[PDB]
Amino acid sequence: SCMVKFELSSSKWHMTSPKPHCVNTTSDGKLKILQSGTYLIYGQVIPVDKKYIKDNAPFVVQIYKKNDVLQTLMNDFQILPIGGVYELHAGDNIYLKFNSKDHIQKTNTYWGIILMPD
Amino acid sequence: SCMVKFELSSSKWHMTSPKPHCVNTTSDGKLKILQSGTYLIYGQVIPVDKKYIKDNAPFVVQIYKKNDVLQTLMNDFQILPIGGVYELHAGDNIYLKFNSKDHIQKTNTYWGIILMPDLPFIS
Amino acid sequence: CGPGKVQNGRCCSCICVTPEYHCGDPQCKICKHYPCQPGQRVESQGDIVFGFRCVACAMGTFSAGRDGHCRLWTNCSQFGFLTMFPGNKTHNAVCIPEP
Amino acid sequence: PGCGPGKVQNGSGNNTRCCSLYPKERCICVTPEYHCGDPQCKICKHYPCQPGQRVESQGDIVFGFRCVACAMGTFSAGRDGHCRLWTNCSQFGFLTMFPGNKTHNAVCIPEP
Ligand SMILES: *[C@@H]1O[C@H](CO[C@@H]2O[C@@H](C)[C@@H](O)[C@@H](O)[C@@H]2O)[C@@H](O[C@@H]2O[C@H](CO)[C@@H](O)[C@H](O)[C@H]2NC(C)=O)[C@H](O)[C@H]1NC(C)=O
Ligand SMILES: *[C@@H]1O[C@H](CO[C@@H]2O[C@@H](C)[C@@H](O)[C@@H](O)[C@@H]2O)[C@@H](O)[C@H](O)[C@H]1NC(C)=O
């Protein structure tokens, strides 16, 4: 198996092995794919309550491949699940992009990836 | 490695074994948890194009446990990923409920679960 | 039944009791707001969370307020009265006695 | 489509109405009350911002908009939402009959 989980409140990953054969993890929540194959991105982006937002900006989240937008997500400042089944290859960078970092609540905001069996 | 994947385009499952030891899948797209532990609900709900909507209903998708509303998801008819990490017990029923069946597109629509291993080593 | 209250079974017997407010749930768990100008009517289009419309009142029905549910016309002939005004989709029939 | 609220992006490599290089490449949403809603001007959104204030962008992926007053030395007389500098009368040899406020331009008069 090969699976990771990034806890944003602690900026630490939770891995199945200290040296995963599928991805290389960074300290800022980014991923480099080491083995080509089918993968499953997952996670939940928890925004801070709308009553606390000052900058009137849309709550937008993007999942980035190397330079391609895998998906663009937005809603009205609610629990935002991300991910999906994507066919990735070796050498791909996986990272997230937020419309404004103020919108994101650190506590219980996580994301990761898992290698896909058939 | 208990993992299942339901394809709503053909209403058929994609399982690892002929019978998963953790869940018992139904042909309509529901599940029944048979083993306590951690699971990963996932899936993408592809809504029909916003110009094809005649009944101007919100695009609300909800995942349900036995009787507890697990999560409520809604947006202005865009790609809607679902799921998340949730601790589950044996006997829990997992099924989706939608706001209007006219919104869900059959193509590219899928959802399932995976049995979660423990993730001991932290960086 | 609460836009400013709770459900007090003015309540279920569920109807959202305040003008311009109709239920936004198949179980009336919450009461949303929707004006629907007199003569129109509120159409619900949700199975989880309700969407609201404003469809006009069919002939024979009327709505002279922002409630959003058409009321039937007052039939004067059923009471032995004569109709001083038959009525349109925004006003009711006005009856008067016979001399 | 960085210059179309009713059109396309027609690169202003000559002054007509669009993007032009200088930021390095620089697109302007050409219709009043419409300013760009993207770091690449991929789409043009609508925001009135009544005269006297400019539009503040607050997004890194999709833009949010505010109405903040023009700074000292700038003016805006319409609902566009971008403040322009005061006309410097002394540059052309003119005199300020009226120096200008945040909603009206300066009034230059020649030397009598
Ligand atoms: C900003 O200035 C305007 C205009 O000032 C007057 O008119 C100028 C053209 C110039 O001749 C100045 O010396 C004058 O003091 C103020 O008033 C508006 O003036 C216009 C005439 O152009 C008139 O049509 C409007 O009704 C006036 N509006 C108001 C509200 O008085 C205006 O008050 C100034 N605004 C601020 C915020 O300072
Ligand atoms: C609908 O009817 C409205 C009401 O008309 C006025 O009030 C009624 C009760 C009578 O007293 C009548 O004599 C008054 O004129 C009208 O104002 C309105 O124009 C009508 N609209 C249509 C479309 O018929």
# chains A, B, ... in the order shown; residues from 1 in each chain; ligands from 1
call {"tool": "residues_near_ligand", "arguments": {"ligand": "ligand 1", "cutoff": "6 Å", "atoms": "only C-alpha atoms and all ligand atoms", "output": "ChimeraX atom specification"}}
result
/D:98,101,103-104
call {"tool": "residues_around", "arguments": {"residues": "segment 12-27 of chain D", "least_positions_apart": "6", "cutoff": "10 Å", "atoms": "only C-alpha atoms", "output": "VMD selection string"}}
result
chain D and resid 1 to 4 35 to 36 39 to 42
call {"tool": "residues_around", "arguments": {"residues": "segment 76-86 of chain D", "least_positions_apart": "4", "cutoff": "12 Å", "atoms": "only C-alpha atoms", "output": "ChimeraX atom specification"}}
result
/D:28-36,46-57,65-72,90-91,96,98-108
call {"tool": "interface_residues", "arguments": {"of": "chain A", "to": "chain B", "cutoff": "8 Å", "atoms": "only C-alpha atoms", "output": "MDAnalysis selection string"}}
result
chainID A and resid 3:4 12:18 42:44 71 73:76 78:85 117:118
call {"tool": "select_by_dssp", "arguments": {"residues": "chain C", "states": "strand (DSSP E or B)", "output": "list in words"}}
result
residues 21, 22, 23, 31, 32, 33, 40, 41, 44, 52, 55, 56, 61, 62, 71, 72, 82, 83, 84, 85, 94, 95 and 96 of chain C
call {"tool": "residues_near_ligand", "arguments": {"ligand": "ligand 2", "cutoff": "7 Å", "atoms": "only C-alpha atoms and all ligand atoms", "output": "count of residues only"}}
result
6
call {"tool": "residues_around", "arguments": {"residues": "residue 23 of chain B", "least_positions_apart": "3", "cutoff": "10 Å", "atoms": "only C-alpha atoms", "output": "VMD selection string"}}
result
chain B and resid 2 to 4 19 to 20 26 30 to 35 90 to 94 113 to 115
call {"tool": "write_last_selection", "arguments": {"atoms": "C-alpha atoms", "output": "short mmCIF file (atom, residue, chain, number, x, y, z; two decimals), in the first residue's frame"}}
result
data_model
loop_
_atom_site.label_atom_id
_atom_site.label_comp_id
_atom_site.auth_asym_id
_atom_site.auth_seq_id
_atom_site.Cartn_x
_atom_site.Cartn_y
_atom_site.Cartn_z
CA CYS B 2 -10.90 -3.53 0.68
CA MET B 3 -11.82 -1.03 -2.04
CA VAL B 4 -15.01 -0.65 -4.09
CA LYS B 19 -16.92 -10.32 -2.49
CA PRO B 20 -15.29 -7.64 -0.31
CA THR B 26 -25.92 -3.32 -3.67
CA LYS B 30 -25.47 1.58 -1.65
CA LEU B 31 -23.15 -0.11 0.84
CA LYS B 32 -23.34 -1.81 4.24
CA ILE B 33 -20.23 -1.67 6.44
CA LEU B 34 -19.38 -5.17 7.68
CA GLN B 35 -16.09 -4.40 9.46
CA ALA B 90 -20.07 -2.68 11.36
CA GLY B 91 -23.65 -2.47 10.08
CA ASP B 92 -23.58 1.17 8.98
CA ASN B 93 -25.50 1.90 5.78
CA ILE B 94 -23.78 4.21 3.27
CA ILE B 113 -14.90 3.58 -0.42
CA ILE B 114 -11.51 2.13 0.52
CA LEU B 115 -10.51 0.36 3.71
#
call {"tool": "interface_residues", "arguments": {"of": "chain D", "to": "chain A", "cutoff": "10 Å", "atoms": "only C-alpha atoms", "output": "ChimeraX atom specification"}}
result
/D:57-66
call {"tool": "closest_residue", "arguments": {"among": "A:93, A:9, A:1, A:26", "to": "residue 63 of chain A", "atoms": "only C-alpha atoms"}}
result
A:93
call {"tool": "decode", "arguments": {"residues": "chain C", "atoms": "C-alpha atoms", "output": "PDB file, in the first residue's frame"}}
result
ATOM      1  CA  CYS C   1     -42.932  27.284  11.927  1.00  0.00           C
ATOM      2  CA  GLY C   2     -40.207  29.581  13.139  1.00  0.00           C
ATOM      3  CA  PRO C   3     -38.869  32.490  11.174  1.00  0.00           C
ATOM      4  CA  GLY C   4     -38.698  34.018  14.664  1.00  0.00           C
ATOM      5  CA  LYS C   5     -39.941  31.054  16.702  1.00  0.00           C
ATOM      6  CA  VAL C   6     -39.842  27.245  16.990  1.00  0.00           C
ATOM      7  CA  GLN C   7     -42.149  24.488  15.730  1.00  0.00           C
ATOM      8  CA  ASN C   8     -45.162  24.536  18.095  1.00  0.00           C
ATOM      9  CA  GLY C   9     -47.304  21.661  16.812  1.00  0.00           C
ATOM     10  CA  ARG C  10     -49.713  28.468  14.345  1.00  0.00           C
ATOM     11  CA  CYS C  11     -47.791  25.332  13.297  1.00  0.00           C
ATOM     12  CA  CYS C  12     -47.740  21.787  11.893  1.00  0.00           C
ATOM     13  CA  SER C  13     -50.922  19.723  12.023  1.00  0.00           C
ATOM     14  CA  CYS C  14     -46.152  21.846   8.541  1.00  0.00           C
ATOM     15  CA  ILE C  15     -46.871  25.360   7.262  1.00  0.00           C
ATOM     16  CA  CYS C  16     -44.389  28.222   7.454  1.00  0.00           C
ATOM     17  CA  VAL C  17     -46.588  30.772   9.207  1.00  0.00           C
ATOM     18  CA  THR C  18     -45.025  34.089   8.356  1.00  0.00           C
ATOM     19  CA  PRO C  19     -45.823  35.991   5.134  1.00  0.00           C
ATOM     20  CA  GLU C  20     -43.188  35.684   2.367  1.00  0.00           C
ATOM     21  CA  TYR C  21     -41.768  32.637   4.224  1.00  0.00           C
ATOM     22  CA  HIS C  22     -42.398  29.081   3.034  1.00  0.00           C
ATOM     23  CA  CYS C  23     -40.696  25.863   4.084  1.00  0.00           C
ATOM     24  CA  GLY C  24     -37.354  24.973   2.526  1.00  0.00           C
ATOM     25  CA  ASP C  25     -37.316  21.264   3.355  1.00  0.00           C
ATOM     26  CA  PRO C  26     -39.338  18.097   2.713  1.00  0.00           C
ATOM     27  CA  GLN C  27     -39.592  18.026   6.533  1.00  0.00           C
ATOM     28  CA  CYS C  28     -39.908  21.816   7.102  1.00  0.00           C
ATOM     29  CA  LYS C  29     -36.684  21.749   9.126  1.00  0.00           C
ATOM     30  CA  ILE C  30     -35.983  25.389   8.179  1.00  0.00           C
ATOM     31  CA  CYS C  31     -38.053  28.324   6.895  1.00  0.00           C
ATOM     32  CA  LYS C  32     -36.641  30.382   4.021  1.00  0.00           C
ATOM     33  CA  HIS C  33     -37.924  33.677   2.596  1.00  0.00           C
ATOM     34  CA  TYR C  34     -39.542  34.221  -0.815  1.00  0.00           C
ATOM     35  CA  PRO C  35     -41.832  37.170  -1.706  1.00  0.00           C
ATOM     36  CA  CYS C  36     -43.754  36.070  -4.839  1.00  0.00           C
ATOM     37  CA  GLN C  37     -45.748  39.243  -5.751  1.00  0.00           C
ATOM     38  CA  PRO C  38     -49.561  39.033  -5.384  1.00  0.00           C
ATOM     39  CA  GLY C  39     -51.113  36.933  -8.119  1.00  0.00           C
ATOM     40  CA  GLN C  40     -48.150  34.539  -8.175  1.00  0.00           C
ATOM     41  CA  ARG C  41     -47.514  31.352  -6.206  1.00  0.00           C
ATOM     42  CA  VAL C  42     -44.454  29.633  -4.742  1.00  0.00           C
ATOM     43  CA  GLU C  43     -43.352  26.437  -6.491  1.00  0.00           C
ATOM     44  CA  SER C  44     -41.019  24.120  -4.593  1.00  0.00           C
ATOM     45  CA  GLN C  45     -38.459  22.233  -6.669  1.00  0.00           C
ATOM     46  CA  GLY C  46     -36.199  20.443  -4.166  1.00  0.00           C
ATOM     47  CA  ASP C  47     -36.027  16.945  -2.743  1.00  0.00           C
ATOM     48  CA  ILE C  48     -33.320  17.827  -0.178  1.00  0.00           C
ATOM     49  CA  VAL C  49     -33.053  21.628  -0.058  1.00  0.00           C
ATOM     50  CA  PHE C  50     -35.895  23.530  -1.671  1.00  0.00           C
ATOM     51  CA  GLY C  51     -35.642  25.953  -4.553  1.00  0.00           C
ATOM     52  CA  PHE C  52     -38.363  28.579  -4.817  1.00  0.00           C
ATOM     53  CA  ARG C  53     -40.224  29.954  -7.830  1.00  0.00           C
ATOM     54  CA  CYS C  54     -43.086  32.364  -8.538  1.00  0.00           C
ATOM     55  CA  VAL C  55     -45.777  30.872 -10.808  1.00  0.00           C
ATOM     56  CA  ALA C  56     -48.899  32.919 -11.502  1.00  0.00           C
ATOM     57  CA  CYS C  57     -52.282  31.944 -10.086  1.00  0.00           C
ATOM     58  CA  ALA C  58     -54.516  30.010 -12.454  1.00  0.00           C
ATOM     59  CA  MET C  59     -57.870  31.569 -13.297  1.00  0.00           C
ATOM     60  CA  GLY C  60     -60.460  31.078 -10.580  1.00  0.00           C
ATOM     61  CA  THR C  61     -57.786  31.575  -7.906  1.00  0.00           C
ATOM     62  CA  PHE C  62     -56.404  34.795  -6.459  1.00  0.00           C
ATOM     63  CA  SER C  63     -53.598  36.054  -4.235  1.00  0.00           C
ATOM     64  CA  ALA C  64     -53.646  39.684  -3.059  1.00  0.00           C
ATOM     65  CA  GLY C  65     -50.496  39.514  -0.938  1.00  0.00           C
ATOM     66  CA  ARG C  66     -46.915  38.316  -0.703  1.00  0.00           C
ATOM     67  CA  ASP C  67     -47.873  34.977   0.865  1.00  0.00           C
ATOM     68  CA  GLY C  68     -47.414  32.875  -2.269  1.00  0.00           C
ATOM     69  CA  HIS C  69     -50.399  30.486  -2.197  1.00  0.00           C
ATOM     70  CA  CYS C  70     -53.430  31.230  -4.347  1.00  0.00           C
ATOM     71  CA  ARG C  71     -56.826  31.235  -2.653  1.00  0.00           C
ATOM     72  CA  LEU C  72     -60.012  30.198  -4.421  1.00  0.00           C
ATOM     73  CA  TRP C  73     -62.504  32.836  -5.513  1.00  0.00           C
ATOM     74  CA  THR C  74     -65.457  33.586  -3.244  1.00  0.00           C
ATOM     75  CA  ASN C  75     -68.508  32.192  -5.050  1.00  0.00           C
ATOM     76  CA  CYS C  76     -71.316  34.689  -4.472  1.00  0.00           C
ATOM     77  CA  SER C  77     -74.010  32.506  -6.064  1.00  0.00           C
ATOM     78  CA  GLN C  78     -73.502  29.812  -3.407  1.00  0.00           C
ATOM     79  CA  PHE C  79     -74.799  32.236  -0.750  1.00  0.00           C
ATOM     80  CA  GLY C  80     -77.602  33.833  -2.769  1.00  0.00           C
ATOM     81  CA  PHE C  81     -75.601  37.001  -3.444  1.00  0.00           C
ATOM     82  CA  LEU C  82     -74.726  38.861  -6.631  1.00  0.00           C
ATOM     83  CA  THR C  83     -71.163  39.573  -7.757  1.00  0.00           C
ATOM     84  CA  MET C  84     -70.391  43.290  -7.803  1.00  0.00           C
ATOM     85  CA  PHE C  85     -66.915  42.295  -9.065  1.00  0.00           C
ATOM     86  CA  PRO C  86     -66.012  38.838 -10.441  1.00  0.00           C
ATOM     87  CA  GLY C  87     -62.342  39.305  -9.624  1.00  0.00           C
ATOM     88  CA  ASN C  88     -58.925  38.922 -11.216  1.00  0.00           C
ATOM     89  CA  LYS C  89     -55.806  37.017 -10.191  1.00  0.00           C
ATOM     90  CA  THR C  90     -54.895  39.764  -7.683  1.00  0.00           C
ATOM     91  CA  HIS C  91     -58.266  40.517  -6.052  1.00  0.00           C
ATOM     92  CA  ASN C  92     -61.196  38.505  -4.725  1.00  0.00           C
ATOM     93  CA  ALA C  93     -64.837  38.544  -5.777  1.00  0.00           C
ATOM     94  CA  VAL C  94     -66.893  41.194  -3.966  1.00  0.00           C
ATOM     95  CA  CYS C  95     -70.439  40.065  -3.166  1.00  0.00           C
ATOM     96  CA  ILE C  96     -73.460  42.161  -2.179  1.00  0.00           C
ATOM     97  CA  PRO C  97     -76.857  41.119  -0.814  1.00  0.00           C
ATOM     98  CA  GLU C  98     -80.107  41.120  -2.778  1.00  0.00           C
ATOM     99  CA  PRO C  99     -82.717  43.860  -2.124  1.00  0.00           C
TER     100      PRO C  99
END
